[PDB]
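Participant: Please read through the structure below; I'll follow up with questions.
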Amino acid sequence: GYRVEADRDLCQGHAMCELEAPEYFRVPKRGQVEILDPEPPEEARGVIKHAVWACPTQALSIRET
Ligand code: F3S
Ligand SMILES: [Fe+3]
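Start counting the sequence shown at 1; every next residue gets the next number (this note's numbering).
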């Protein structure tokens, strides 16, 4: 039970999140990051932390619900 949060004022479009977890983050060429699942399964928490770590602006975050 967690939610993937994106500080959209901080996303500069590096698209490192899509390279680390492509199933859960998609970045349009002309758009910022799009969170495909806001409430992903518990098995996906590992690959999503990769995207949180790999964001140079730290726009992504995991919030426990
Ligand atoms: S800048 Fe944006 S495109 Fe992803 S790697 Fe960080 S949330
Ligand atoms: Fe890992």
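Yeah, the Cβ is synthetic: ideal placement off N, Cα and C, and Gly gets one too.
(1) Which same chain residues end up closer than 7 Å to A54 when comparing Cβ atoms and leaving out the 5 residues on each side of it in sequence?
(2) Going by beta carbon distance, what residues of the same chain come within less than 7 Å of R30, once the five residues before and after it are set aside?
(3) By DSSP, does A21 sit in helix, in strand, or in coil?
(4) Hey, out of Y24, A44, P28, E43, whose CA is closest to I35's CA?
(5) Do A59 and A6 count as a contact pair if the criterion is CB distance below 8 Å?
Facilitator: The structure says:
(1) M16, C17, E20
(2) none
(3) coil
(4) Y24
(5) yes
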